Amino acid sequence: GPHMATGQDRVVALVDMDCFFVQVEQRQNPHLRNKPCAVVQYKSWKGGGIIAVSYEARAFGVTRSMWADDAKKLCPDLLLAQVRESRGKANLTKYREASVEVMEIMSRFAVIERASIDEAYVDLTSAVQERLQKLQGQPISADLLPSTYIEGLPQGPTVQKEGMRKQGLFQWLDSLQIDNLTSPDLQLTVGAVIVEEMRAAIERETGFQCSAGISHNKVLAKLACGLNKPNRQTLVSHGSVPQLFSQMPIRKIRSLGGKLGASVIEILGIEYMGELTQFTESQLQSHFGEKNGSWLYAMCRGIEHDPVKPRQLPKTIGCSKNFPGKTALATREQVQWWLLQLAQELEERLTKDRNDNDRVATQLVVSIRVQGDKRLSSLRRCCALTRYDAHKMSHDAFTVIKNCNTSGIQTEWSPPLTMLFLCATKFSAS
DNA sequence: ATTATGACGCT
DNA sequence: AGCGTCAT
Ligand SMILES: Nc1nc2c(ncn2[C@H]2C[C@H](O)[C@@H](COP(=O)(O)OP(=O)(O)OP(=O)(O)O)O2)c(=O)[nH]1
Ligand SMILES: [Ca+2]
Ligand SMILES: [Mg+2]
């Protein structure tokens, strides 16, 4: 009843760039604009591996993780842009720099949490309070929400998609009580007005389009963002959660798309997120642990408390390369040459990071995979990172991994290495 | 032969 | 610390 917390205390948005690496390449090369196109890494093996796909290309069935040769079967006119290669490996600097462009615009509106190269959470609670005091009880025009969908609407008592969007928005706005400055629905709506402005600023100042979700917490904002892509934003109200969750597969909620989600489905004999409401908090804790159980109990009612962390910069800077099948490294000189390549890219990125962001990494993490292990990482070892020097970094990494070499022979490396990974961590202000 | 990252939880 | 999970 009156004491039952409803998780409506915050306004949280999630801004995700549409087909991000494709947009970066389309900005640079106008011949790729408004075309089926994809971004690929490498080329010799099966035409390269697709990592981003324009919405035009998605209509043909092209997806991430597909080999370009196979994508070309589905979409013979598909256009491809390749990720840059430097020191023998994929170099993602262009996309990281474009990400910084977007993140700096977003930071003008509110403190953001960088969730990935192309996605940021926004805590809009304070900005909404401010804009509400400016509004002075003035209603919110549909003209201020030109790309907003209201999830669950229209309902009750119409052919095209834009008309449907507008019908739902008008139902939502007509149900609004603008007199109450603590109405959660009003707060979400003002949040959506702000996100429209943020998205317009991103597109004006970068050329990039994005989608967004607006709700009361990060999980619902992320889910909302996915409902109407591309180039649209979606408001998920607290009241929309029972219907939305009643047919929502558990795997669609962030953090439940892997083994934990599969165990929720198997142990409880359910399919949809809304079915979780029928279990007590103790029951869920008994199956999934104290933390997961409390989180599931609240999540399935639309409640989640994870804060938007004030963090615009990545906490680690890392360099990784796979050496698949027959390209696995089998000589000491090979291992040393590739460690040096990785370390040179890392030194370049670290030196730029130190100049831009007034910080220095203090720990170097070295990870490898050996042929045969089905795990991502076979071994992970840290050492001190005391100087930004690639030869020192690569010598140190070799020192911490050299004992994995089973080969009695000094020159050979056995079993061959199928992955190398260097990561700088534990930053301190400088 | 899916590749290149990145965040966070567990013990 | 080192490993595992999850995301994409
Ligand atoms: N190197 C590499 N980059 C990846 C991989 N998966 C995704 N990315 C990059 C390329 C994407 O453009 C970018 C952002 O990923 P998203 O999941 O947000 O997808 P994207 O923005 O492409 O499409 P969207 O409109 O959000 O569905 O991250 C991967 O496996 N490897
Ligand atoms: Ca995206
Ligand atoms: Mg994203």
Side-chain angles (χ1 to χ4, degrees), chain A residues 14 16-17 19-22 38-53 63-71 82-96 99 113-121 218-219 222-223 225-226 251-263 288-292 295 306-307 309 311 313-328 342 345-346 349 363-369 371 373-384 400-401 404 416 418-427:
Chain A
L14 183 269
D16 183 270
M17 317 295 306
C19 52
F20 183 48
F21 289 14
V22 166
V39 171
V40 288
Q41 292 181 313
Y42 303 120
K43 203 95 187 84
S44 298
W45 188 271
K46 302 184 157 277
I50 288 174
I51 58 169
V53 189
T63 67
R64 172 202 174 266
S65 306
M66 192 171 276
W67 292 113
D69 288 350
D70 298 320
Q82 319 179 230
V83 177
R84 169 175 158 199
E85 274 164 80
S86 304
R87 309 186 193 78
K89 68 180 291 296
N91 179 352
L92 308 172
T93 299
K94 190 197 300 182
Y95 315 103
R96 292 194 182 95
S99 181
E113 177 180 346
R114 182 201 197 263
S116 71
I117 198 160
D118 85 315
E119 87 195 45
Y121 291 99
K218 293 205 288 185
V219 169
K222 177 61 180 177
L223 187 64
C225 184
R251 66 176 175 278
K252 303 301 186 178
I253 283 60
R254 204 200 168 271
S255 87
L256 300 181
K259 292 175 182 182
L260 176 62
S263 87
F288 313 112
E290 202 170 2
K291 267 166 253 203
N292 289 329
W295 183 89
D306 191 33
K309 292 168 144 213
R311 184 186 56 76
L313 301 176
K315 287 176 151 101
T316 59
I317 297 186
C319 289
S320 171
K321 187 169 175 47
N322 287 0
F323 301 94
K326 202 167 163 300
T327 76
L342 281 182
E345 182 191 323
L346 186 57
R349 286 167 60 192
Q363 189 179 261
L364 179 66
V365 177
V366 186
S367 181
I368 68 182
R369 200 185 164 181
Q371 204 152 56
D373 199 338
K374 203 213 74 175
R375 304 177 296 172
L376 201 182
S377 164
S378 296
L379 171 133
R380 228 184 154 71
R381 295 279 198 269
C382 73
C383 66
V400 312
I401 73 165
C404 292
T418 54
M419 181 272 292
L420 297 177
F421 184 9
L422 298 178
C423 187
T425 68
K426 288 174 145 63
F427 285 86

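A, B, ... follow the sequence lines: proteins, then strands. Residue 1 opens every chain. Note that these values count all heavy atoms, side chains included, but never hydrogens, waters or copies made by symmetry.
No contact: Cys423(A) has no heavy atom under 4.0 Å from any strand. Nucleic acid contact class of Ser255(A) (heavy atoms, under 4.0 Å, all strands): sugar-phosphate only. Using a 4.0 Å heavy-atom distance criterion, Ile317(A) is classed as a sugar-phosphate-only contact. Within the 4.0 angstrom heavy-atom criterion, only backbone atoms of the sugar-phosphate kind lie near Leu256(A); the bases stay farther away. Contacts of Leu379(A) with the nucleic acid, taken as non-hydrogen atoms under 4.0 Å apart, involve only primed sugar atoms and P, OP1 or OP2. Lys426(A) comes within contact range of no nucleotide atom at all, as no heavy-atom separation falls under 4.0 Å. Residue contacts for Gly318(A): at a heavy-atom cut-off of 4.0 Å it reaches the sugar-phosphate backbone alone, with no base atom in range.
In the set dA1(B), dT5(B), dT5(C), the nucleotide with an atom closest to the side chain of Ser320(A) is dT5(B). Of the candidate nucleotides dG6(B), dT5(C), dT3(B), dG6(B) has the atom nearest to the side chain of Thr316(A). You'll find that the side chain of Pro314(A) is closest to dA7(B), out of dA7(B), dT5(B), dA4(B). Distance from the side chain of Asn322(A) is smallest to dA4(B) among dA4(B), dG6(B), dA1(B). When the nucleotides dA1(C), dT2(B), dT5(C) are ranked by their closest atom to the side chain of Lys259(A), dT5(C) comes out on top. Among the nucleotides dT3(B), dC8(B), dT5(B), the one closest to the side chain of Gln41(A) is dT3(B). Closest to the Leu260(A) side chain, of the nucleotides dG6(B), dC6(C), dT5(B), is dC6(C). For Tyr42(A), counting side-chain heavy atoms from C-beta on, the closest listed nucleotide (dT8(C), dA4(B), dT5(C)) is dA4(B).
In this structure, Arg64(A) atom CZ and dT3(B) atom P are separated by 12 Å, rounded to whole Å. One interatomic measurement links the two molecules: CG of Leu92(A) to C1' of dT2(B), which rounds to 14 Å at whole-angstrom precision. The CD1-P distance, from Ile401(A) to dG2(C), rounds to 14 Å in whole Å. If you measure from atom CZ of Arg369(A) to atom P of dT5(B), you get 17 Å, rounded to the nearest angstrom. Summarising the geometry, the separation between CZ on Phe421(A) and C1' on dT2(B) is reported as 16 Å, rounded to the nearest angstrom. Atom CZ in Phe21(A) sits roughly 14 Å away from atom P in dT8(C) (whole-Å rounding). With rounding to whole Å, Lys321(A) atom NZ is found 12 Å from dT2(B) atom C1'. Taking atom NZ on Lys374(A) and atom P on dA1(B), their separation rounds to 14 Å, with Å as the unit.
In this structure a side-chain-to-backbone donor-acceptor pair under 3.5 Å is present from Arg349(A) to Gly318(A). Of the possible polar contacts, one joining the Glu113(A) side chain to the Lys309(A) backbone as a donor-acceptor pair under 3.5 Å is found. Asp373(A) places a side-chain N or O within donor-acceptor distance of the main-chain N or O of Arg375(A), the cut-off being under 3.5 Å.
One finds a side-chain N or O of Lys291(A) lying less than 4.0 angstrom from the OP1 or OP2 phosphate oxygen of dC10(B). Contact check, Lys89(A) against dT5(B): a side-chain N or O comes under 4.0 Å of OP1 or OP2. Within the 4.0 Å cut-off from OP1 or OP2 of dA7(B), not a single side-chain nitrogen or oxygen of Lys315(A) is found. Residue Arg96(A) places at least one side-chain N or O closer than 4.0 Å to OP1 or OP2 of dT5(B). Phosphate proximity of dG6(B) to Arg349(A): present, with a side-chain N or O under 4.0 Å from OP1 or OP2. Contact between the side-chain N/O atoms of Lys309(A) and the OP1/OP2 oxygens of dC8(B) is found at a separation under 4.0 Å. Considering only side-chain N and O atoms, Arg375(A) lies under 4.0 angstrom from the phosphate OP1 or OP2 of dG4(C). At the phosphate of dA7(B), OP1 or OP2 sits under 4.0 Å from a side-chain N or O atom of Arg311(A).
By the 4.0 Å N-to-carboxylate-O rule, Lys89(A) lies too far from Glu85(A) to be salt-bridged with it.
With contacts defined as side-chain heavy-atom distances shorter than 4.5 Å, the pair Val83(A)/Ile51(A) qualifies. Using a 4.5 Å heavy-atom cutoff, the side chains of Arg114(A) and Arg311(A) are in contact. Here the side chains of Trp295(A) and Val219(A) are in contact, with some heavy-atom distance below 4.5 Å.
In this structure, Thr316(A) and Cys423(A) approach most closely via the heavy-atom pair CB-SG, 3.6 Å.
Mapped onto DNA chain C by nearest heavy atom, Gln363(A) and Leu376(A) fall at different nucleotides, with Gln363(A) at the one closer to the 5' end. Along DNA chain B, the nucleotide nearest to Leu342(A) and the one nearest to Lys326(A) differ in position, and the one closer to the 5' end is contacted by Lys326(A). Closest-nucleotide positions on DNA chain B for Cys319(A) and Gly325(A) were compared, and the one nearer the 5' end corresponds to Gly325(A).
On the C1' atoms, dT2(B) is 14 Å away from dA7(C), given to the nearest whole Å.
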